[PDB]
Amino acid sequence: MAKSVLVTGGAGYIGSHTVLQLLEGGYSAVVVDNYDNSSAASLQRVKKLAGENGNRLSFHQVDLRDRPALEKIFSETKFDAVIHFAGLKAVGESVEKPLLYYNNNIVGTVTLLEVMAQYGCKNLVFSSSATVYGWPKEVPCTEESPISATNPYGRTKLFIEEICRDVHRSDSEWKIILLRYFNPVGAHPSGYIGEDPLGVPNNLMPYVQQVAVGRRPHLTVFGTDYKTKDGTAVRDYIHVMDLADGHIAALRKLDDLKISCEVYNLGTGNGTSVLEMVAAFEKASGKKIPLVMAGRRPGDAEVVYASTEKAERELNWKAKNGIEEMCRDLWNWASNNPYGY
């Protein structure tokens, strides 16, 4: 009855929130994470938040590149599907440390895919990214549109998608959904869990949260010469909880027989600038964010936001939270957990 899901990277931001939705949705979930960018605390708190559904969560501290540890996981539990969140995701770090990114992201993915194939679990939901749209010629960005990458991190997402496409062409038994996330922000509304990266955050809103509570001295704004309304980059910010719910919608979709290797955007379809996000955070928090204005971050797009039509139609899913809610819940988490777990 109760379907069993392995969640790589499940102790991380998106993963932790999604694990909780899995548990509240009736799923059993086994998490695999090496705590490279997270801690044990997140799943401890997910377990509590999940109440009696907490029983259905197991967790192992395993690197996906550890084939023997991973085979062990797959030998002992019959997984209905895998959600693959595990990886490194900081663009800036990626340009500086490309091999770390190729190593962790591609080697960890290939090893997972081989192990899945060996133990007969060929249902995959992959954490892809709007970065694969590169510098879009046209917005909104549709699943049909041209893909490219502009930095090493983005290439790992692009290359993995391509690998999944080849795996599928090679072997018709695979069912794969490539979810292209836009920019998840916010925290579970209880404020008991949220984003807590190790060391220096590379995403905008956790960096802002950390300036707000006093742990970083300023936000650096990467680019004020964009051809946008305020000169800063425009992106599609989605509530992490809506993004989590999208994963429950993806898992239901794997039962469709037509599914072979399919792409869905998970975004809101609305574009918000960097300064609008900062303004919205200042509103929610009552705090000032000191800004240092700098140049473009190498590889950044100007304007990127989602077409939501395909996900609405085929997944029956649409984001329900606006920016104000995103900032409200982020601040609710951070005010009481200024330095994370």
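For every residue, the number given is its place in the sequence shown, counted from 1.
As the entry records it, the average C-alpha temperature factor is higher for 48-56, out of 281-289 and 48-56. Higher mean CA B-factor, judged across 309-317 and 270-278 from the recorded values: 309-317. If you compare the C-alpha temperature factors of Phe85, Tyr101, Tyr237, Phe79 in the entry, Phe79 comes out highest.
Note on the listed residues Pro189, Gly120, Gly194, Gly246: the highest Cα temperature factor in the record is that of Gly120.
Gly92 sits in the highest third of its chain by CA B factor, as recorded in the PDB entry.
In the PDB entry, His218 places in the lowest third of its chain by CA B-factor. Annotation for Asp66: C-alpha temperature factor in the middle third relative to the rest of the modelled chain, per the entry. Placement of the Cα temperature factor of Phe74 within the chain: highest third of the modelled residues, per the deposited record.
In the deposited entry, the Cα temperature factor of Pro206 sits in the middle third of values across the chain's modelled residues.
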